[PDB]
A.B. asks: 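Handing you this structure, nothing more for now.
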Protein chains: 2
Amino acid sequence: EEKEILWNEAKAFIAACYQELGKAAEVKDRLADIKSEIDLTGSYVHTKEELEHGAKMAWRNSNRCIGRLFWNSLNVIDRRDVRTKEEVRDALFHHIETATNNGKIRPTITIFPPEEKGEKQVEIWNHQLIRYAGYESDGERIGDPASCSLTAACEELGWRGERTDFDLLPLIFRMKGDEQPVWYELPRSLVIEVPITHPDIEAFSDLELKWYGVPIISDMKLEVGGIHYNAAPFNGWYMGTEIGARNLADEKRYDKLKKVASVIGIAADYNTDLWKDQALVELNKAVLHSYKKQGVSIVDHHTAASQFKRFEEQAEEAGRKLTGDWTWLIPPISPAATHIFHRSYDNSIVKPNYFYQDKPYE
Amino acid sequence: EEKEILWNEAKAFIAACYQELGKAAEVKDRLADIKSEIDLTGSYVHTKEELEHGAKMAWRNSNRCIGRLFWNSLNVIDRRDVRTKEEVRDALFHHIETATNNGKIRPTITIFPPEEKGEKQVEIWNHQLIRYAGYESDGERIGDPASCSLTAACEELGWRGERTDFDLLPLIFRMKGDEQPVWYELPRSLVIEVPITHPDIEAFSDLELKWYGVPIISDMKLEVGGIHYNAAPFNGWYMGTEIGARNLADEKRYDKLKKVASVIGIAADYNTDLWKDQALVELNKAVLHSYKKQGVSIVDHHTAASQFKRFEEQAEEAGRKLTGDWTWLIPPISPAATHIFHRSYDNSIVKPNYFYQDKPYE
Ligand code: HEM
Ligand code: HEM
Ligand SMILES: Cc1cc(N)nc(CCc2cncc(CCc3cc(C)nc(N)c3)c2)c1
Ligand SMILES: Cc1cc(N)nc(CCc2cncc(CCc3cc(C)nc(N)c3)c2)c1
Ligand SMILES: C[C@H](O)[C@H](O)[C@H]1CNc2nc(N)[nH]c(=O)c2N1
Ligand SMILES: C[C@H](O)[C@H](O)[C@H]1CNc2nc(N)[nH]c(=O)c2N1
Ligand SMILES: [Cl-]
Ligand SMILES: [Cl-]
């Protein structure tokens with residue numbers, strides 16, 4: 001039953017992948033080899049080209065990603081050879097280091113062994129390799145509320161945070177065979193952080209805001225040709241809105257708009273003053289300014305939308321059918337100022353692709 | 001064939017309408033009367049209660065409307081008795097006058113005779129009873145580009161605009177039997193306009209911006225129980241974003257962001273400065289300020305979203321299933337600051353409702 005699914009997804013992937021690579025003739029043989037490998041081993045193994053390209057195709061088919069223009073420049077690290085929790089840990093450390101690149105962020109994915117019989121070889125508990133801890137107890141909210149579950153789950157296993165608003169969560173993952181996951185404290189020399197300051201408002205530094213430079217997603221499954229790489233952390237650079245309009249602005253997150261309104265010298269009393277809208281912009285101006293001033297890669301939503309437009313154009317020219325999720329593609333600040341707002345997108349799911357998978361804890 | 005459709009939509013509407021009104025017992029008889037009326041006349045006629053309520057239900061089911069909270073306070077004018085183009089003209093004049101109410105805008109709908117055999121008795125060419133003319137010739141763009149087709153169609157019939165950026169388009173509609181539509185110049189004493197000024201920036205008045213106070217939609221069909229009221233102009237007040245983030249901001253409209261950026265003293269050179277986002281807010285602050293300062297009703301998107309939330313709550317409490325269009329419900333400025341952004345809506349179409357119908361010209 002399962003070997004039928006795997007076989008059909010393999011035929012589809014190889015025939016398409018080799019067509020884009022220009023190896024349409026090599027399809028016939030590679031198919032037969034796969035047919036035997038699935039017949040005997042129950043699962044086939046990707047070549048380095050198939051894996052590297054399949055990961056690039058997956059990014060290209062991420063309907064909710066606005067930065068898909070550079071899908072073909074994805075730096076792919078093949079760590080399907082790891083067996084010990086030290087190799088995995090070091091691989092995670094390396095990914096952070098190489099992807100950060102002193103600030104010149106490289107879109108990188110590290111690929112660990114896939115699910116064998118649906119059985120995870122590696123199980124990463126982090127949603128992002130670099131994230132801030134969250135604490136909620138006695139009506140006291142500290143840090144990132146979105147990380148409350150993982151933080152508590154980490155603290156159930158002997159980890160303890162300093163209870164600042166920006167405690168670096170440890171790398172926590174579980175091996176196949178192990179009943180409990182292990183956790184490792186993040187070497188702070190590997191983590192670039194950016195303090196948020198305003199280009200013309202010196203009082204903005206009184207807010208003492210900051211964020212990590214590199215978003216490394218580690219809660220999604222890379223699916224390539226029937227093979228399920230559940231542990232494949234990937235990263236790009238930030239679109240400024242993600243930090244200033246969601247992470248630091250949301251009431252369910254850092255909730256900083258009232259404090260931002262105070263330091264910029266506007267009242268936060270009346271809706272018709274649009275103080276939230278005004279605070280949102282200045283905060284986002286501060287974020288972009290701070291990242292550029294530090295030398296950490298970042299993109300504004302207007303530039304990102306322009307890049308995504310070229311991606312649309314590039315897609316049509318290559319004969320590729322375009323897919324996208326309008327609700328996620330539009331930026332949370334001035335969405336009507338982008339071309340994305342004024343056109344529709346097909347939200348059909350095309351494989352290879354990245355799929356969200358629920359965490360073992362909460 | 002048709003009389004089957006009309007009969008089923010009549011059963012559904014009357015049984016539901018009379019249930020909400022508390023006249024569930026009167027359903028049985030009224031149904032039978034309708035059954036005979038459709039049998040003989042080919043179409044039935046609504047009572048004043050059924051029409052008034054059906055129009056309120058239609059507003060309540062407008063998935064793309066954020067201001068549905070006050071659906072039950074809709075002022076319904078029943079002008080199904082008009083026969084001459086003077087009665088229709090005066091009815092249109094009256095609607096404008098009563099709905100404006102010196103600035104205290106009343107949500108009002110004027111209902112003209114429905115399509116008889118699918119044949120329109122009245123055919124309104126305006127998209128809004130009050131709108132600005134648009135001119136495009138010799139690379140010269142004047143007025144509202146969205147109104148270019150109608151403006152040219154009006155000028156084909158002897159009308160001529162002064163070619164300012166805010167020429168009031170004439171009321172233009174066609175009668176059943178007439179081959180051509182008639183046009184009437186709008187009595188300017190009936191039209192409230194609001195000059196746009198900034199609360200703290202005196203240089204904003206140098207832009208010489210303004211907009212009409214009342215949006216009166218006249219391009220949609222009111223469908224109530226199988227009956228098609230193609231000509232039923234309705235109005236509410238403005239949500240500030242509609243004027244400042246779409247009408248005056250869009251490149252395909254008035255395209256004022258660069259000029260707004262200049263008068264507020266910011267550079268319009270770099271994307272990372274977020275000058276578009278910053279200009280958008282200040283322009284929208286100016287719009288809300290100008291309407292409140294003049295005494296013309298208006299709502300900000302934050303207040304509107306709060307009102308729409310009560311509508312959601314009211315819906316659940318009444319046992320009513322909620323329907324909405326997320327893509328239209330979110331405001332084009334700071335959408336993530338509203339609850340609407342963080343929840344989903346069923347975009348199912350429930351009747352009675354308002355349906356868009358293409359204009360006879362372009
Ligand atoms: C080059 C820098 C990149 C930028 C600026 C970017 C931008 C974004 C943004 C803004 C989102 C939506 C976040 C939200 O508002 O919720 C997103 C989603 C996503 N991006 Fe990208 N992205 C980048 C690189 C990548 C890379 C390298 C991959 C993987 C190969 C990727 C795959 C995805 C996926 C899978 C999602 C959806 C995640 C989910 O389910 O929520 N992106 N991207
Ligand atoms: C009370 C004041 C009202 C406000 C503030 C309001 C607000 C809005 C807004 C913002 C939109 C979307 C416009 C856009 O962004 O494209 C909308 C759409 C709509 N509203 Fe309302 N509305 C109001 C009253 C009414 C009334 C009185 C009716 C009719 C009974 C109505 C029916 C609709 C319909 C049918 C649409 C969709 C029109 C289309 O197809 O584009 N609304 N409303
Ligand atoms: C590679 C990459 C780059 C970038 N700039 N942003 C992202 C998205 C980051 C991101 C941040 N916060 C939240 C999410 C979504 C979380 C999420 C949660 C659930 C339940 N289902 C989903 N499909 C997704 C994504 C990814
Ligand atoms: C009663 C009412 C109040 C209000 N504040 N806004 C509206 C919507 C006004 C409005 C302005 N510009 C454009 C539109 C949509 C035009 C439109 C165009 C097409 C092709 N299909 C549609 N369904 C709709 C609506 C209606
Ligand atoms: C494709 C997209 O859903 C469509 O163009 C919607 C987007 N949201 C919108 N929002 C508003 N206010 N008005 C519109 O016409 C639209 N159009
Ligand atoms: C219901 C709604 O479509 C859903 O919550 C979407 C809206 N758009 C979004 N946009 C972003 N950036 N992130 C999200 O998680 C969502 N969620
Ligand atoms: Cl993030
Ligand atoms: Cl309008």
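Convention: sequence-line order gives letters A, B, ...; per-chain numbering from 1. Indexing begins at 1, ligand by ligand and atom by atom, following the structure's order. Values below: every heavy atom of this structure, side chains too, minus hydrogens, waters and symmetry copies.
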A.B. asks: Pick from B:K120, B:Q121, B:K176: which one makes a side-chain hydrogen bond (donor to acceptor under 3.5 Å, both in side chains) with B:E115?
C.D. replies: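 The single option meeting the side-chain hydrogen bond (donor to acceptor under 3.5 Å, both in side chains) with B:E115 is B:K120.
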
A.B. asks: Among all protein heavy atoms, pick out the one at the shortest distance from atom 26 (C) of ligand 4; state its residue, atom name and that distance to 0.1 Å.
C.D. replies: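 Result: B:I217 CG1, 3.5 Å.
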
A.B. asks: Establish, yes or no, whether the cationic atom of B:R89 lies under 6.0 Å from the six-membered ring centre of B:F93 and within 45° of the ring axis.
C.D. replies: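 So B:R89 doesn't make the cation-pi contact.
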
A.B. asks: Give the residue, atom name and distance (to 0.1 Å) of the protein heavy atom nearest atom 18 (C) of ligand 4.
C.D. replies: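 Nearest neighbour among protein heavy atoms for atom 18 (C) of ligand 4, to 0.1 Å: B:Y356 CE1, 3.5 Å.
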
A.B. asks: Look up atom CG in B:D219 and atom CG in B:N230, then write down how far apart they are to the nearest 0.5 Å.
C.D. replies: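 Result: 11.5 Å between the selected atoms.
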
A.B. asks: Is there a polar contact between ligand 4 and B:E242, counting only N or O atoms under 3.5 Å apart?
C.D. replies: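 Min N/O separation from ligand 4 is below 3.5 Å for B:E242.
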
A.B. asks: Pull out every atom of ligand 4 sitting under 4.0 Å from any heavy atom of B:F234, numbered as shown with elements.
C.D. replies: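 Result: 1 (C).
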
A.B. asks: Say whether, by atom type as modelled, one donor and one acceptor occur between the side chain of B:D144 and the main chain of B:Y132 under 3.5 angstrom.
C.D. replies: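 No.
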
A.B. asks: Would you list the pairs meeting salt bridge (charged side-chain N to carboxylate O under 4.0 Å, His left out) in which at least one residue belongs to residues 347-362 of chain B, sequence neighbours left out?
C.D. replies: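 For residues 347-362 of chain B, and leaving out neighbouring residues, the salt bridge (charged side-chain N to carboxylate O under 4.0 Å, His left out) pairs sorted by first residue read B:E223-B:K351, B:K359-B:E362.
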
A.B. asks: Looking only at protein heavy atoms, which one is nearest to atom 11 (C) of ligand 4, and what is the separation?
C.D. replies: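 Atom 11 (C) of ligand 4 sits closest to the protein heavy atom B:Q128 NE2, 3.8 Å.
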
A.B. asks: To the nearest 0.1 Å, how far is atom 13 (C) of ligand 4 from its closest protein heavy atom, and which atom is that?
C.D. replies: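 For atom 13 (C) of ligand 4, the nearest protein heavy atom is B:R131 NH2, 4.9 Å.
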
A.B. asks: Got a salt bridge between B:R253 and B:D255, using NZ or NE/NH1/NH2 to carboxylate O under 4.0 Å?
C.D. replies: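 Salt bridge between B:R253 and B:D255, a charged N being under 4.0 Å from a carboxylate O: no.
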
A.B. asks: Does the pair B:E52/B:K56 count as a salt bridge with the N-to-O cut at 4.0 Å?
C.D. replies: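 Answer for the salt bridge query: yes.
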
A.B. asks: Look at atom 3 (C) of ligand 4 and find which of B:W237, B:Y354, B:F355, B:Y238 reaches it with the closest heavy atom.
C.D. replies: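 Minimum heavy-atom distance to atom 3 (C) of ligand 4 goes to B:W237.
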
A.B. asks: At a non-hydrogen distance cut-off of under 4.0 Å, which region of B:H127 contacts ligand 4 (side chain, backbone, both, or neither)?
C.D. replies: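 The answer is neither; B:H127 stays 4.0 Å or more away.
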
A.B. asks: So, does B:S297 use its side chain to make a donor-acceptor pair with the main chain of B:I105 at under 3.5 Å?
C.D. replies: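 A pair under 3.5 Å: yes.
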
A.B. asks: Report the nearest protein non-hydrogen atom to atom 15 (C) of ligand 4: residue, atom name, distance rounded to 0.1 Å.
C.D. replies: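 Nearest protein contact, heavy atoms only, for atom 15 (C) of ligand 4 is B:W328 CH2, 3.8 Å.
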
A.B. asks: I need the contact type for B:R64 against ligand 4. Using non-hydrogen atoms and a strict under-4.0 Å cut-off, is it side chain, backbone, both or neither?
C.D. replies: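 The part of B:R64 near ligand 4 is the side chain, not the backbone.
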
A.B. asks: For the ring pair (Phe, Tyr, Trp, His ring centres under 6.0 Å) test, which of B:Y361, B:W183, B:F173, B:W159 pairs with B:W125?
C.D. replies: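 Passing option: B:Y361.
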
A.B. asks: Can a salt bridge be assigned to the pair B:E251 and B:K276 using a cut-off of 4.0 Å between side-chain N and carboxylate O?
C.D. replies: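 Salt bridge present between B:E251 and B:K276.
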
A.B. asks: Show the numbers, then the answer: is there a ring-ring contact (aromatic ring centres under 6.0 Å, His included) between B:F166 and B:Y254?
C.D. replies: CA-CA 11 Å; B:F166 307 104; B:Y254 278 81; 5.5 Å; yes

A.B. asks: Residues around ligand 5, heavy atom under 4.0 Å from any ligand atom, sorted by chain and number. Can you pull those?
C.D. replies: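 Lining ligand 5: A:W326, A:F341, A:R343, A:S344, B:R246, B:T327, B:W328.
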
